[PDB]
Amino acid sequence: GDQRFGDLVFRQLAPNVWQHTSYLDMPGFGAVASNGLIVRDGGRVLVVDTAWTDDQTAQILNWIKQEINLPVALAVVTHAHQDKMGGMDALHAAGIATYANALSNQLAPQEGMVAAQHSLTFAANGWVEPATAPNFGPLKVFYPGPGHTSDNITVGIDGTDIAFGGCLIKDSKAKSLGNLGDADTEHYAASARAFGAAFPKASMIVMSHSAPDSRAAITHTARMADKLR
Amino acid sequence: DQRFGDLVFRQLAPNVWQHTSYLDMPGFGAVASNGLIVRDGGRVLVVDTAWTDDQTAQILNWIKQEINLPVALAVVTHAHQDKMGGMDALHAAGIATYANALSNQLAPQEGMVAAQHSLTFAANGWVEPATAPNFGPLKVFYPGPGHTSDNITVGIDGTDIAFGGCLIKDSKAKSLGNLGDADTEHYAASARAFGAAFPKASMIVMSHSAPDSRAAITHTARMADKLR
Ligand SMILES: O=C(CS)Nc1cccc(Cl)c1
Ligand SMILES: O=C(CS)Nc1cccc(Cl)c1
Ligand SMILES: [Cl-]
Ligand SMILES: [Zn+2]
Ligand SMILES: [Zn+2]
Ligand SMILES: [Zn+2]
Ligand SMILES: [Zn+2]
C-alpha cells in the first residue's frame, strides 16, 4: 500500500517503479497532491519530477536512500510549474544531474523555478533527440505537443506497463483540466491523444494530480479537451 | 512598392525586402501577411511563405526577375497558413526549408506541410547552430510562447531589422487576436524577450502590420500584460 515517510507518500507500482506524492496547502483547499516517479535501473535510480518544495524533494532522496539504497543518477522534470520543478535545489545540492525540455528551462526563471542543468530537444515526431537524452535507461521521453502548457513532456517506463502523463492527463473521474492562460486549448486534445499513441502498450497511466488509472484517463482527458476547441 | 501578380514587395534595406500577400476573409476583407527576402552575397534567403502555394511561387518568380540569385533556404516562423501555406511551392523550387521542430510537429494537425528540417533552441532561446547550417545573416530566436507555442523570430545581421512575425503587432494595434493556441500567461514576457534579443534593431517587421519602430514591441507587450 501507501508508505508514509515524513509528509510524503510512496507507492510501489511495479518491481522497479514507485510513485512519489507530495502535498501543498493552497488558499481554501489543503493538501493538494502531486505525483512523480522513482525508477530502479540496475545499479542506479532515476527520478521523474521533484516535489513541490526543496525540503520535500530532499525527503524523496532520503526515502530512496532508506528503501532502495542506490545512487540517484539523474532526474527528468516535466514542465516549469512548482509541483514539477519546485525542488530542483535539493537535486542540485546532492549533485544529481537534471534534465528538462529546453523550453521548460527557458520558462523557469519567469516562473520562479530553478532551471534544470541540461536541456532536452525533440524531433518533429515528438520523440526526444537521443543526443540530448543519453543514458536515460528505461525513461522514454516524449513531447506530445502543447496542452496543459507549451512545454509539457511525458515519460514511458520501458519494460513496464507504465506511462507518465504528468499534468497533461487527468483520470477518468476528472471534472475539468484546470487549464489556465498557458494552456493551448486548440491542441490539447491532439496532444493527449498523441501521448496515448506514443505509448500504445501502456496500461497504467500515472498522472500528477490523480491516482494511477487505465488508458481511459487518456481518452477521457482528450474528450474533455475536445470541448475546449 | 513593386507588384508581381498578387504579391507586393517593398525594399527595406540594401539587401532586404518585405513580401506581402493577401487572403480574402469574411469581414476583414483582404488580410495582409508579410515576410522577408534577404540577399546574402550570391544567394537569397526567405522568411515565411505566402498564404498559398501559387502566391509563394509568385515570390520566387519575382526574386528571379528582380534579384536573379538562387534561393538557398527558407525559414518559416510558425504553423499557421500565412507562414507555411506555401511550403509545397518552396519544395518544388528546390529550396531547403527550416522550421521550429514544434512547428513541424503541429503542421499536419493544421493541414500544413512540414519543413524539411527542424530547428531546436537552447534554454536561452537562441537556435542551436547545428540545426541552422549556413544561415548567413539570419539570427533565429525563439522568444517563448505567445501568439503560439512555436512562434520564432529572426534578426538580420548587418541591418537594423528584426522580424517578429505574428508575435508582434504595431504600435497602433488595438488587440492581439489571440486564439486558444496563444499562451496569454507568457505572451508579454516573450514579446519583451524578442526585444532584448535584438536590442539594437530600430525597424521591427511583423506579419500583419507595416514596419514600425520598437514601439511595436513595447505596445505589444503592454497589450499582452493585460491578458495575464
Ligand atoms: O499548481 C499546479 C501546477 S500544474 N497545479 C494544481 C494546483 C492546484 C490544484 C491542482 Cl489539482 C493542480
Ligand atoms: O490567419 C492568421 C494566422 S496568424 N492571422 C490573421 C487572420 C485574420 C486577420 C489577421 Cl490581422 C491575421
Ligand atoms: Cl518493474
Ligand atoms: Zn502544470
Ligand atoms: Zn501539476
Ligand atoms: Zn499565426
Ligand atoms: Zn499571422
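Residues are labelled from 1 along each chain in written sequence order, independent of how the entry numbers them, and those without coordinates are excluded. Chains and ligands are labelled sequentially in the order written, the chains with letters from A and the ligands with numbers from 1. Hydrogens and water molecules were not included; the side-chain quantities draw on all heavy atoms of the structure.

Per the PDB record, this model was obtained through X-ray crystallography at a reported resolution of 1.13 Å.

As recorded in the PDB entry, chain B goes by Metallo-beta-lactamase type 2 and comes from Klebsiella pneumoniae. The title given to this entry in the Protein Data Bank is "Crystal structure of NDM-1 with thiol compound 14a". Its UniProt record, at the heading Catalytic activity, says of chain B: "a beta-lactam + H2O = a substituted beta-amino acid". UniProt positions are given in the numbering used here, feature names are shortened, and annotations may be inferred rather than shown by experiment. A UniProt comment under Sequence similarities is attached to chain B, and it reads "Belongs to the metallo-beta-lactamase superfamily. Class-B beta-lactamase family."

Looking at the PDB entry, chain A carries the name Metallo-beta-lactamase type 2, with the source organism given as Klebsiella pneumoniae. Under Catalytic activity, UniProt gives the following word-for-word description of chain A: "a beta-lactam + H2O = a substituted beta-amino acid". Recorded in UniProt for chain A, the comment headed Subcellular location runs: "Periplasm".

(A) Structural view of the site of ligand 2. Residue and element names in this part refer to chain B. The criterion for a residue being near a molecule or strand is simple. One of its heavy atoms has to lie within 4 Å of it. Near ligand 2, the surroundings consist of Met25, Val31, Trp51, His80, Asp82, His147, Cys166 and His208. Taken by itself ligand 2 offers 360 Å² of open surface, and the protein chains cover 69% of this. Residues belonging to the shell around ligand 2 are distributed by class as follows: four nonpolar, three polar and one charged. To measure how exposed things are, a 1.4 Å probe is used in the Shrake-Rupley method; for residues, cover is taken only from the protein chains shown. Each residue is assigned to one of three groups, with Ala, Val, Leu, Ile, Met, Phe, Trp, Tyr, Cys and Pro labelled nonpolar, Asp, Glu, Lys and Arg labelled charged, and all others, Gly among them, labelled polar.

(B) The UniProt feature "binding site: substrate" in chain A, seen in detail. Residue and element names in this part refer to chain A. Cross-referencing UniProt, the feature "binding site: substrate" maps to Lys170 and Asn179 in the present numbering. Relative to the elements of secondary structure, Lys170 occurs in the loop between strand 11 (162-166) and helix 5 (188-198). Once you skip the residues sitting within four places of it in the chain, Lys170 turns out to touch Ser176, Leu177, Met207, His209, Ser210, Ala217 and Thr221. Numbering goes from the N terminus for both helices and strands, where a helix is a DSSP run of H or I of at least four residues and a strand is a run of E of at least two. As for its placement among the helices and strands, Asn179 is situated in the loop between strand 11 and helix 5. For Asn179, a relative accessible area of 22% gives the class partly exposed. Residues count as neighbours in contact if any of their non-hydrogen atoms are within 4.5 Å of one another. Here the term buried applies to any residue with accessible area under 20% of the maximum for its type, exposed to any over 50%, and partly exposed to those in between, with areas from a 1.4 Å probe on protein chains only.

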